[PDB]
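Novice: One structure, as structure tokens, below. Some questions next.
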Protein chains: 6
Amino acid sequence: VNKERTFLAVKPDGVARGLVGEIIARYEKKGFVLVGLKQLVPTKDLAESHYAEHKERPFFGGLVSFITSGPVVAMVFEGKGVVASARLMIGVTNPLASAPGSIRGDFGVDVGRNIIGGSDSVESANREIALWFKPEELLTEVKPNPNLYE
Amino acid sequence: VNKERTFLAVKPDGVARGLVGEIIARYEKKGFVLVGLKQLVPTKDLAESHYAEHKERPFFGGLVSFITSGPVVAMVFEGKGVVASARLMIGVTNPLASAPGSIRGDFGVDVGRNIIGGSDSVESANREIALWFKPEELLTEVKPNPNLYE
Amino acid sequence: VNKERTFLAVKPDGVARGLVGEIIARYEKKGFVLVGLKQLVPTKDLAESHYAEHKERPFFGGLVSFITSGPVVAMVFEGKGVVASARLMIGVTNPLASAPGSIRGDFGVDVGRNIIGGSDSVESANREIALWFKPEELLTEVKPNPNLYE
Amino acid sequence: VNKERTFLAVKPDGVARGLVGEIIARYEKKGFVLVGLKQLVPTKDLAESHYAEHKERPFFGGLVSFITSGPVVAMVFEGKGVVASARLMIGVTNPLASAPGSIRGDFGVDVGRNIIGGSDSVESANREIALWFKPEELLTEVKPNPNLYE
Amino acid sequence: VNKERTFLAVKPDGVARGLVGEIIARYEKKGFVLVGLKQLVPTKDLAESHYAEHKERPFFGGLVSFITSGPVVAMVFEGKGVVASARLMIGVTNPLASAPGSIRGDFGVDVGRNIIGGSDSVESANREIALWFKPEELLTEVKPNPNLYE
Amino acid sequence: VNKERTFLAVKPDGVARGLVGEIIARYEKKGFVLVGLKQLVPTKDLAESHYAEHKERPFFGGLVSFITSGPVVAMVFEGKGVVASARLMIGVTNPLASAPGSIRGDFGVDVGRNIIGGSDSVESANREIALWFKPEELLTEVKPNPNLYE
Ligand SMILES: Nc1ncnc2c1ncn2[C@@H]1O[C@H](COP(=O)(O)OP(=O)(O)O)[C@@H](O)[C@H]1O
Ligand SMILES: Nc1ncnc2c1ncn2[C@@H]1O[C@H](COP(=O)(O)OP(=O)(O)O)[C@@H](O)[C@H]1O
Ligand SMILES: Nc1ncnc2c1ncn2[C@@H]1O[C@H](COP(=O)(O)OP(=O)(O)O)[C@@H](O)[C@H]1O
Ligand SMILES: Nc1ncnc2c1ncn2[C@@H]1O[C@H](COP(=O)(O)OP(=O)(O)O)[C@@H](O)[C@H]1O
Ligand SMILES: Nc1ncnc2c1ncn2[C@@H]1O[C@H](COP(=O)(O)OP(=O)(O)O)[C@@H](O)[C@H]1O
Ligand SMILES: Nc1ncnc2c1ncn2[C@@H]1O[C@H](COP(=O)(O)OP(=O)(O)O)[C@@H](O)[C@H]1O
Ligand SMILES: [Mg+2]
Ligand SMILES: [Mg+2]
Ligand SMILES: [Mg+2]
Ligand SMILES: [Mg+2]
Ligand SMILES: [Mg+2]
Ligand SMILES: [Mg+2]
């Protein structure tokens, strides 16, 4: 359905490099609707929860400390296949390997400084959206441009 | 040669979503010469003729209603490899699968609302071009930036 | 109601400089709806009546000849104060004196090559509109983004 | 000082027209730092408080009901003379009168649908920032690009 | 005539803030022909010579340190009314007072960090051009888009 | 460390088509720092050694003559994987086969007029860099946005 949501986050580097506007603008242009938005400096528990799957990985520590090293603008976009689409718009883990046209392909160079993060699955999305947003911070009844869906 | 032409059309949704100029500019920048251009509200006939290959397809009815539910800015661009290039610049049938950087990859989400249509071959182009444009509506004197061709 | 319409034309230089999509995009972004659009090579007769008010001025001859030199994409945008707004967005007759942000202020240098033309009054909008477009080439059913008007 | 803040808000129309990204991007580009950000549907009391100065004005009722008619993304930018600068970037109350280059000059047409709102004074800014944001939702220790200030 | 030249310089902050291409593109679009271009870290002399008119001014010392604290991409654009046009496109000394659409109006906040510098007169231009460029670093064969001049 | 450098050149067609700022902006946006930059009219000798590897190929003659036809803005960008990344951002030798989002995929059509040139390896980067730039024309002190690298 056209009510599928995803969690996206302009990481501390993207925020610091002033990419928030550019990133939100790209998602709005593709037609996805913003249903949650806020700037915050992630807490250590939020970062370790958000990235729980890499808790065993070696970069985990440097990932968590970085994600909490500055303000992040967490957001949730809604729309048909948004989880997979948003990812496509993001690129690949390594911005060098990311194709021009994609967010990381256009703005990134380092894997640890890859501007933005997004859910990799609908299941990861629903969980992460609940980690970073309270139900009341999320739009309930949505209305995208009627020229977006059949 | 560089006299090749393709037919392109900003669908009612692309027009309504304010993407007409966005689309024309992308072809102008690539170096294709706009040889014909007009805004029309397609008739059922033109649309059914245009999409005659999908006439037995389940989506035909909804498409023919869509394409004729409002304005369409039909255009013809000329240049070397234009038909295949234009398509590459458009993306894929499903906008969601279309890569960032391509028109549908940047602006679409629904297959029925895929912003733009273009010829899939020189044979298709020649028939669609003659389908939407009268000879007098297409330039004879075409000359692109001299820095475009060797 | 705000169904006011203005006539605009990307002159041969603007068309040749590949700024058609750019100009159209600026008016689409503003909120104006395209109710007419076409590319033609203006006839000395249309050019002459178009600029009938300058028929006595010394630049007339070179002007009529310029506008008729090549393709022009004529268009009519409808909207609340579109005549005066479109002009503001154009700049001044002298591209150099046109402020940055305006079409001529961003893309022009010479007065004879000022990229775009537009009606200076509703009186002239209606006159020039009726000059370049047949009623059947213009939209009856005009519907802009509902977030544009109160 | 370079720690001056202002309250800005992409109104329901700007949000609905997908201008959030574009607006935030303009402020980030001028060099102002984001110190507060969130999407919410203003409450009636928030709107009437925010616009308390027009409570006696005739448009007040339609202004309040509109501002609360949809989600708004309230934000606070910090920087040297940001209150006056942000306004300059906004334009004038009437988007038609707003110069090209400014937010309303580029995107608006109606006074009731003027895309964005911002503080008109440092004193109005500090109050409004407190109406829409809790101290904990605002960045305390700020760090803009060091190439921004002397 | 259209052989006039002005000297422009993306200051260390503009360079560091990643605005070099942004600036060059704006002059290319306006129709000015880049006649010389290089990236250099200005010497105290070049800078003190360059800003000799402010040598007794309180801000001279801090300016001469700034302008020489990193790379500067000095350039010379040629074209009709270029010196006055370039300045118009730049804005005013104080970026905060510079209107949206102009370079400083869009990207600056501090007077000491005003992104770009340009000649204020043909006499100033001719001296600054000869100050930063050797004759062999400037084109002799200049030819702009033929759609630029009558 | 990520001080890898590549040589890039907006060819005579790219320069003539006014795409210098656009190209530079795309690399500045990515995070690469310009450690060298100049506009010159390549000499047959430099052009010939530059393309020494194609000295036997049949297109050589017209190539050497083209690159030397007019101004070229040579540049060297430094950064993590800049050689391979810059290439990815360029597209493929054939502009038409170059994907949208890439420089050639967005602006080119002919193989002889492919807007931009760039090193295909660190070996060639270092060779071509030493070919077009004197050590004193290149930066020693390179400092990119600290949010770029870990
Ligand atoms: N070895 C690495 N070095 C540093 N950080 C890494 C590495 N691999 C993963 N990361 C970071 O952790 C984030 C989470 O990892 P992962 O979920 O695999 O990436 P993503 O979902 O963004 O593609 C990555 O986006 C990247 O910033
Ligand atoms: N399964 C479908 N459901 C809905 N509309 C579709 C479907 N497949 C194609 N379309 C519509 O019909 C138009 C014509 O179909 P087709 O020629 O297959 O697409 P294209 O050539 O644009 O990739 C489409 O681009 C789209 O608007
Ligand atoms: N003295 C001039 N020299 C050449 N062309 C001129 C001159 N003044 C006006 N023009 C041209 O004639 C067009 C029509 O005249 P006018 O209505 O005064 O211009 P506009 O309405 O576009 O400002 C101008 O936009 C410009 O191309
Ligand atoms: N008469 C009007 N009609 C409708 N709404 C109005 C009118 N004048 C003011 N407004 C709205 O109320 C907002 C608040 O008014 P005001 O504070 O004067 O404007 P601003 O501060 O945005 O310039 C205006 O931006 C505009 O949206
Ligand atoms: N009061 C000031 N304080 C700091 N720097 C200033 C001051 N006024 C001018 N500048 C700096 O010195 C440069 C040269 O001054 P000036 O020629 O007056 O400016 P411009 O011609 O760029 O408007 C400035 O643009 C700016 O970097
Ligand atoms: N067969 C061809 N015809 C004309 N020019 C060619 C051809 N193949 C390569 N070129 C030109 O020579 C340049 C140098 O050759 P090559 O190194 O293969 O290209 P690149 O590295 O840019 O992909 C090309 O970018 C293109 O302008
Ligand atoms: Mg992940
Ligand atoms: Mg088809
Ligand atoms: Mg007139
Ligand atoms: Mg107010
Ligand atoms: Mg000065
Ligand atoms: Mg090569």
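A note on labels: chains of the structure tokens are A, B, ... as shown, every chain counts residues from 1, and ligands are counted from 1 in their shown order.
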Quick one: which residues from chain A are at most 12 Å off chain F, using only C-alpha atoms, as a PDB file with N, CA, C and O atoms, in the first residue's frame?
Specialist:
ATOM      1  N   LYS A  11      22.908  11.898   8.966  1.00  0.00           N
ATOM      2  CA  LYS A  11      23.917  11.662   9.990  1.00  0.00           C
ATOM      3  C   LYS A  11      24.652  12.962  10.385  1.00  0.00           C
ATOM      4  O   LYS A  11      24.553  13.960   9.675  1.00  0.00           O
ATOM      5  N   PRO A  12      25.385  12.967  11.527  1.00  0.00           N
ATOM      6  CA  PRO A  12      26.100  14.174  11.956  1.00  0.00           C
ATOM      7  C   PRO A  12      26.936  14.884  10.880  1.00  0.00           C
ATOM      8  O   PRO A  12      27.053  16.106  10.870  1.00  0.00           O
ATOM      9  N   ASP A  13      27.471  14.121   9.944  1.00  0.00           N
ATOM     10  CA  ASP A  13      28.290  14.702   8.890  1.00  0.00           C
ATOM     11  C   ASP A  13      27.431  15.389   7.832  1.00  0.00           C
ATOM     12  O   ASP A  13      27.774  16.470   7.341  1.00  0.00           O
ATOM     13  N   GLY A  14      26.302  14.767   7.510  1.00  0.00           N
ATOM     14  CA  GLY A  14      25.410  15.339   6.530  1.00  0.00           C
ATOM     15  C   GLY A  14      24.843  16.643   7.052  1.00  0.00           C
ATOM     16  O   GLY A  14      24.755  17.627   6.317  1.00  0.00           O
ATOM     17  N   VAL A  15      24.487  16.643   8.336  1.00  0.00           N
ATOM     18  CA  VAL A  15      23.943  17.811   9.021  1.00  0.00           C
ATOM     19  C   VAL A  15      24.999  18.913   9.040  1.00  0.00           C
ATOM     20  O   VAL A  15      24.738  20.043   8.641  1.00  0.00           O
ATOM     21  N   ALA A  16      26.211  18.539   9.428  1.00  0.00           N
ATOM     22  CA  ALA A  16      27.322  19.464   9.523  1.00  0.00           C
ATOM     23  C   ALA A  16      27.742  20.022   8.176  1.00  0.00           C
ATOM     24  O   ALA A  16      28.256  21.137   8.091  1.00  0.00           O
ATOM     25  N   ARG A  17      27.554  19.231   7.129  1.00  0.00           N
ATOM     26  CA  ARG A  17      27.885  19.671   5.783  1.00  0.00           C
ATOM     27  C   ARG A  17      26.696  20.393   5.146  1.00  0.00           C
ATOM     28  O   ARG A  17      26.759  20.776   3.995  1.00  0.00           O
ATOM     29  N   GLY A  18      25.618  20.576   5.902  1.00  0.00           N
ATOM     30  CA  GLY A  18      24.447  21.286   5.404  1.00  0.00           C
ATOM     31  C   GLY A  18      23.706  20.605   4.277  1.00  0.00           C
ATOM     32  O   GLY A  18      23.323  21.228   3.291  1.00  0.00           O
ATOM     33  N   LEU A  19      23.442  19.324   4.466  1.00  0.00           N
ATOM     34  CA  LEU A  19      22.777  18.549   3.448  1.00  0.00           C
ATOM     35  C   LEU A  19      21.339  18.217   3.790  1.00  0.00           C
ATOM     36  O   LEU A  19      20.619  17.655   2.965  1.00  0.00           O
ATOM     37  N   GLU A  22      18.815  19.499   1.164  1.00  0.00           N
ATOM     38  CA  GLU A  22      19.020  18.724  -0.063  1.00  0.00           C
ATOM     39  C   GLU A  22      18.448  17.304  -0.004  1.00  0.00           C
ATOM     40  O   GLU A  22      17.866  16.822  -0.975  1.00  0.00           O
ATOM     41  N   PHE A  59      33.360  -2.115  13.824  1.00  0.00           N
ATOM     42  CA  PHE A  59      33.155  -0.676  13.597  1.00  0.00           C
ATOM     43  C   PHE A  59      32.046  -0.131  14.478  1.00  0.00           C
ATOM     44  O   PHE A  59      31.825   1.074  14.524  1.00  0.00           O
ATOM     45  N   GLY A  62      32.924   2.797  16.899  1.00  0.00           N
ATOM     46  CA  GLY A  62      33.190   4.059  16.232  1.00  0.00           C
ATOM     47  C   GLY A  62      31.970   4.612  15.517  1.00  0.00           C
ATOM     48  O   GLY A  62      31.900   5.809  15.232  1.00  0.00           O
ATOM     49  N   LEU A  63      31.019   3.728  15.228  1.00  0.00           N
ATOM     50  CA  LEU A  63      29.772   4.073  14.548  1.00  0.00           C
ATOM     51  C   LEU A  63      28.826   4.748  15.532  1.00  0.00           C
ATOM     52  O   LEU A  63      28.270   5.812  15.246  1.00  0.00           O
ATOM     53  N   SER A  65      29.627   6.057  18.542  1.00  0.00           N
ATOM     54  CA  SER A  65      30.188   7.284  19.087  1.00  0.00           C
ATOM     55  C   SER A  65      30.092   8.422  18.074  1.00  0.00           C
ATOM     56  O   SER A  65      29.958   9.590  18.453  1.00  0.00           O
ATOM     57  N   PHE A  66      30.122   8.082  16.790  1.00  0.00           N
ATOM     58  CA  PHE A  66      30.005   9.104  15.764  1.00  0.00           C
ATOM     59  C   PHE A  66      28.560   9.562  15.590  1.00  0.00           C
ATOM     60  O   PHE A  66      28.286  10.760  15.489  1.00  0.00           O
ATOM     61  N   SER A  69      27.935  11.751  18.070  1.00  0.00           N
ATOM     62  CA  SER A  69      28.893  12.846  18.137  1.00  0.00           C
ATOM     63  C   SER A  69      28.299  14.197  17.769  1.00  0.00           C
ATOM     64  O   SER A  69      28.879  15.231  18.086  1.00  0.00           O
ATOM     65  N   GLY A  70      27.123  14.191  17.148  1.00  0.00           N
ATOM     66  CA  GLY A  70      26.486  15.439  16.766  1.00  0.00           C
ATOM     67  C   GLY A  70      24.988  15.295  16.565  1.00  0.00           C
ATOM     68  O   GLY A  70      24.414  14.228  16.856  1.00  0.00           O
ATOM     69  N   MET A  89      17.860   5.542  -3.467  1.00  0.00           N
ATOM     70  CA  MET A  89      18.190   6.953  -3.543  1.00  0.00           C
ATOM     71  C   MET A  89      19.433   7.264  -2.749  1.00  0.00           C
ATOM     72  O   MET A  89      20.153   8.206  -3.071  1.00  0.00           O
ATOM     73  N   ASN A  94      29.365   2.290   0.872  1.00  0.00           N
ATOM     74  CA  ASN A  94      30.532   3.097   0.517  1.00  0.00           C
ATOM     75  C   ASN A  94      30.148   4.091  -0.572  1.00  0.00           C
ATOM     76  O   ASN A  94      29.790   3.699  -1.688  1.00  0.00           O
ATOM     77  N   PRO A  95      30.159   5.396  -0.229  1.00  0.00           N
ATOM     78  CA  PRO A  95      29.824   6.499  -1.133  1.00  0.00           C
ATOM     79  C   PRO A  95      30.656   6.535  -2.422  1.00  0.00           C
ATOM     80  O   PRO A  95      30.190   7.026  -3.454  1.00  0.00           O
ATOM     81  N   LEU A  96      31.879   6.004  -2.374  1.00  0.00           N
ATOM     82  CA  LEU A  96      32.721   5.952  -3.576  1.00  0.00           C
ATOM     83  C   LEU A  96      32.067   4.991  -4.584  1.00  0.00           C
ATOM     84  O   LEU A  96      31.941   5.299  -5.761  1.00  0.00           O
ATOM     85  N   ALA A  97      31.553   3.876  -4.069  1.00  0.00           N
ATOM     86  CA  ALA A  97      30.879   2.858  -4.869  1.00  0.00           C
ATOM     87  C   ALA A  97      29.469   3.301  -5.237  1.00  0.00           C
ATOM     88  O   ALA A  97      28.843   2.681  -6.097  1.00  0.00           O
ATOM     89  N   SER A  98      28.972   4.357  -4.580  1.00  0.00           N
ATOM     90  CA  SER A  98      27.632   4.876  -4.845  1.00  0.00           C
ATOM     91  C   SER A  98      27.588   5.665  -6.140  1.00  0.00           C
ATOM     92  O   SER A  98      28.422   6.533  -6.382  1.00  0.00           O
ATOM     93  N   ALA A  99      26.613   5.328  -6.979  1.00  0.00           N
ATOM     94  CA  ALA A  99      26.442   5.942  -8.286  1.00  0.00           C
ATOM     95  C   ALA A  99      25.989   7.391  -8.267  1.00  0.00           C
ATOM     96  O   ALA A  99      25.208   7.797  -7.400  1.00  0.00           O
ATOM     97  N   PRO A 100      26.514   8.200  -9.210  1.00  0.00           N
ATOM     98  CA  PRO A 100      26.134   9.618  -9.288  1.00  0.00           C
ATOM     99  C   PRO A 100      24.635   9.687  -9.502  1.00  0.00           C
ATOM    100  O   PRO A 100      24.089   8.945 -10.306  1.00  0.00           O
ATOM    101  N   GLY A 101      23.965  10.547  -8.749  1.00  0.00           N
ATOM    102  CA  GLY A 101      22.519  10.647  -8.844  1.00  0.00           C
ATOM    103  C   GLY A 101      21.950  10.293  -7.481  1.00  0.00           C
ATOM    104  O   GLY A 101      20.899  10.806  -7.078  1.00  0.00           O
ATOM    105  N   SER A 102      22.641   9.391  -6.786  1.00  0.00           N
ATOM    106  CA  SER A 102      22.244   8.970  -5.451  1.00  0.00           C
ATOM    107  C   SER A 102      22.872   9.930  -4.439  1.00  0.00           C
ATOM    108  O   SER A 102      23.841  10.621  -4.721  1.00  0.00           O
ATOM    109  N   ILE A 103      22.322   9.946  -3.242  1.00  0.00           N
ATOM    110  CA  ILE A 103      22.789  10.843  -2.204  1.00  0.00           C
ATOM    111  C   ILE A 103      24.254  10.633  -1.865  1.00  0.00           C
ATOM    112  O   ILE A 103      25.027  11.572  -1.914  1.00  0.00           O
ATOM    113  N   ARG A 104      24.648   9.405  -1.538  1.00  0.00           N
ATOM    114  CA  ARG A 104      26.047   9.140  -1.201  1.00  0.00           C
ATOM    115  C   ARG A 104      26.943   9.233  -2.444  1.00  0.00           C
ATOM    116  O   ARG A 104      28.122   9.621  -2.356  1.00  0.00           O
ATOM    117  N   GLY A 105      26.370   8.925  -3.603  1.00  0.00           N
ATOM    118  CA  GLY A 105      27.133   8.995  -4.829  1.00  0.00           C
ATOM    119  C   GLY A 105      27.477  10.414  -5.227  1.00  0.00           C
ATOM    120  O   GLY A 105      28.440  10.664  -5.938  1.00  0.00           O
ATOM    121  N   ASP A 106      26.681  11.352  -4.754  1.00  0.00           N
ATOM    122  CA  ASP A 106      26.863  12.757  -5.068  1.00  0.00           C
ATOM    123  C   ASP A 106      27.590  13.553  -3.988  1.00  0.00           C
ATOM    124  O   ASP A 106      28.242  14.560  -4.283  1.00  0.00           O
ATOM    125  N   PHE A 107      27.495  13.092  -2.745  1.00  0.00           N
ATOM    126  CA  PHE A 107      28.079  13.822  -1.640  1.00  0.00           C
ATOM    127  C   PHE A 107      29.098  13.124  -0.751  1.00  0.00           C
ATOM    128  O   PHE A 107      29.817  13.793  -0.019  1.00  0.00           O
ATOM    129  N   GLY A 108      29.184  11.800  -0.798  1.00  0.00           N
ATOM    130  CA  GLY A 108      30.123  11.120   0.088  1.00  0.00           C
ATOM    131  C   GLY A 108      31.433  10.574  -0.443  1.00  0.00           C
ATOM    132  O   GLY A 108      31.574  10.348  -1.635  1.00  0.00           O
ATOM    133  N   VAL A 109      32.352  10.273   0.469  1.00  0.00           N
ATOM    134  CA  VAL A 109      33.668   9.738   0.123  1.00  0.00           C
ATOM    135  C   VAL A 109      34.128   8.651   1.093  1.00  0.00           C
ATOM    136  O   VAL A 109      34.777   7.692   0.700  1.00  0.00           O
ATOM    137  N   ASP A 110      33.764   8.792   2.355  1.00  0.00           N
ATOM    138  CA  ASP A 110      34.158   7.861   3.399  1.00  0.00           C
ATOM    139  C   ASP A 110      32.960   7.007   3.856  1.00  0.00           C
ATOM    140  O   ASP A 110      31.838   7.477   3.887  1.00  0.00           O
ATOM    141  N   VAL A 111      33.201   5.743   4.195  1.00  0.00           N
ATOM    142  CA  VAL A 111      32.136   4.852   4.658  1.00  0.00           C
ATOM    143  C   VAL A 111      31.652   5.280   6.040  1.00  0.00           C
ATOM    144  O   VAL A 111      30.472   5.104   6.369  1.00  0.00           O
ATOM    145  N   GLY A 112      32.564   5.800   6.864  1.00  0.00           N
ATOM    146  CA  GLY A 112      32.178   6.235   8.196  1.00  0.00           C
ATOM    147  C   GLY A 112      31.464   7.573   8.207  1.00  0.00           C
ATOM    148  O   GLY A 112      30.839   7.938   9.201  1.00  0.00           O
ATOM    149  N   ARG A 113      31.593   8.303   7.101  1.00  0.00           N
ATOM    150  CA  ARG A 113      30.994   9.619   6.896  1.00  0.00           C
ATOM    151  C   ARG A 113      30.115   9.527   5.653  1.00  0.00           C
ATOM    152  O   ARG A 113      30.326  10.235   4.669  1.00  0.00           O
ATOM    153  N   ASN A 114      29.129   8.646   5.678  1.00  0.00           N
ATOM    154  CA  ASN A 114      28.294   8.505   4.503  1.00  0.00           C
ATOM    155  C   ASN A 114      26.980   9.277   4.479  1.00  0.00           C
ATOM    156  O   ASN A 114      25.970   8.789   3.988  1.00  0.00           O
ATOM    157  N   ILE A 115      27.023  10.492   5.023  1.00  0.00           N
ATOM    158  CA  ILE A 115      25.906  11.452   5.038  1.00  0.00           C
ATOM    159  C   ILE A 115      24.533  11.056   5.590  1.00  0.00           C
ATOM    160  O   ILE A 115      23.950  11.768   6.412  1.00  0.00           O
TER     161      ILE A 115
END
Novice: For residue 51 (chain E), work out the shell of residues within 9 Å, counting only C-alpha atoms and skipping chain neighbours fewer than 3 positions away, then give it as a PDB file with N, CA, C and O atoms, in the first residue's frame.
Specialist:
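Output (selection_16.pdb):
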ATOM      1  N   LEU E  46      50.587  40.711  -2.916  1.00  0.00           N
ATOM      2  CA  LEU E  46      49.480  40.705  -3.868  1.00  0.00           C
ATOM      3  C   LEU E  46      48.194  41.197  -3.221  1.00  0.00           C
ATOM      4  O   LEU E  46      47.447  41.976  -3.817  1.00  0.00           O
ATOM      5  N   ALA E  47      47.962  40.718  -1.997  1.00  0.00           N
ATOM      6  CA  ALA E  47      46.789  41.049  -1.184  1.00  0.00           C
ATOM      7  C   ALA E  47      46.797  42.501  -0.705  1.00  0.00           C
ATOM      8  O   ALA E  47      45.769  43.171  -0.734  1.00  0.00           O
ATOM      9  N   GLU E  48      47.954  42.973  -0.250  1.00  0.00           N
ATOM     10  CA  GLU E  48      48.090  44.347   0.218  1.00  0.00           C
ATOM     11  C   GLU E  48      48.017  45.319  -0.939  1.00  0.00           C
ATOM     12  O   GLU E  48      47.584  46.455  -0.750  1.00  0.00           O
ATOM     13  N   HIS E  54      42.290  50.155   1.149  1.00  0.00           N
ATOM     14  CA  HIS E  54      41.819  49.970   2.517  1.00  0.00           C
ATOM     15  C   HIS E  54      43.002  49.834   3.454  1.00  0.00           C
ATOM     16  O   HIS E  54      42.841  49.456   4.616  1.00  0.00           O
ATOM     17  N   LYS E  55      44.189  50.156   2.951  1.00  0.00           N
ATOM     18  CA  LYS E  55      45.399  50.029   3.747  1.00  0.00           C
ATOM     19  C   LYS E  55      45.412  50.810   5.053  1.00  0.00           C
ATOM     20  O   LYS E  55      46.089  50.415   5.971  1.00  0.00           O
ATOM     21  N   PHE E  60      41.833  46.195   7.377  1.00  0.00           N
ATOM     22  CA  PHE E  60      42.903  45.810   6.453  1.00  0.00           C
ATOM     23  C   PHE E  60      43.770  44.654   6.944  1.00  0.00           C
ATOM     24  O   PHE E  60      43.987  43.676   6.222  1.00  0.00           O
ATOM     25  N   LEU E  63      41.889  41.451   7.041  1.00  0.00           N
ATOM     26  CA  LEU E  63      41.517  41.088   5.669  1.00  0.00           C
ATOM     27  C   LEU E  63      42.704  40.463   4.947  1.00  0.00           C
ATOM     28  O   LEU E  63      42.586  39.402   4.336  1.00  0.00           O
ATOM     29  N   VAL E  64      43.842  41.147   5.030  1.00  0.00           N
ATOM     30  CA  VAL E  64      45.083  40.704   4.413  1.00  0.00           C
ATOM     31  C   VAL E  64      45.578  39.353   4.988  1.00  0.00           C
ATOM     32  O   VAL E  64      46.354  38.645   4.351  1.00  0.00           O
TER      33      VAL E  64
END
Novice: Enumerate as a PyMOL selection string all residues of region 45-109 of chain D assigned to strand (DSSP E or B) by DSSP on the backbone, naming them with the chain letters and numbers the document uses.
Specialist: chain D and resi 72-78+100+102
Novice: Please return as a PyMOL selection string the residues found within 8 Å of ligand 9, counting only C-alpha atoms and all ligand atoms.
Specialist: chain C and resi 51+117-120
Novice: Quick one: residues within 10 Å of residue 74 (chain A), only C-alpha atoms counted, chain neighbours fewer than 4 positions away excluded, as a list in words?
Specialist: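 Non-adjacent residues within range: residues 7, 8, 9, 10, 11, 36, 37, 38, 39, 40, 41, 42, 116, 117, 118, 129, 132 and 133 of chain A; 37 and 38 of chain D.
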Novice: Just the helix (DSSP H, G or I) stuff from chain A, please, per backbone DSSP, written as a PyMOL selection string.
Specialist: chain A and resi 12-16+20-29+44-50+52-54+60-67+82-90+103-107+122-132+135-137
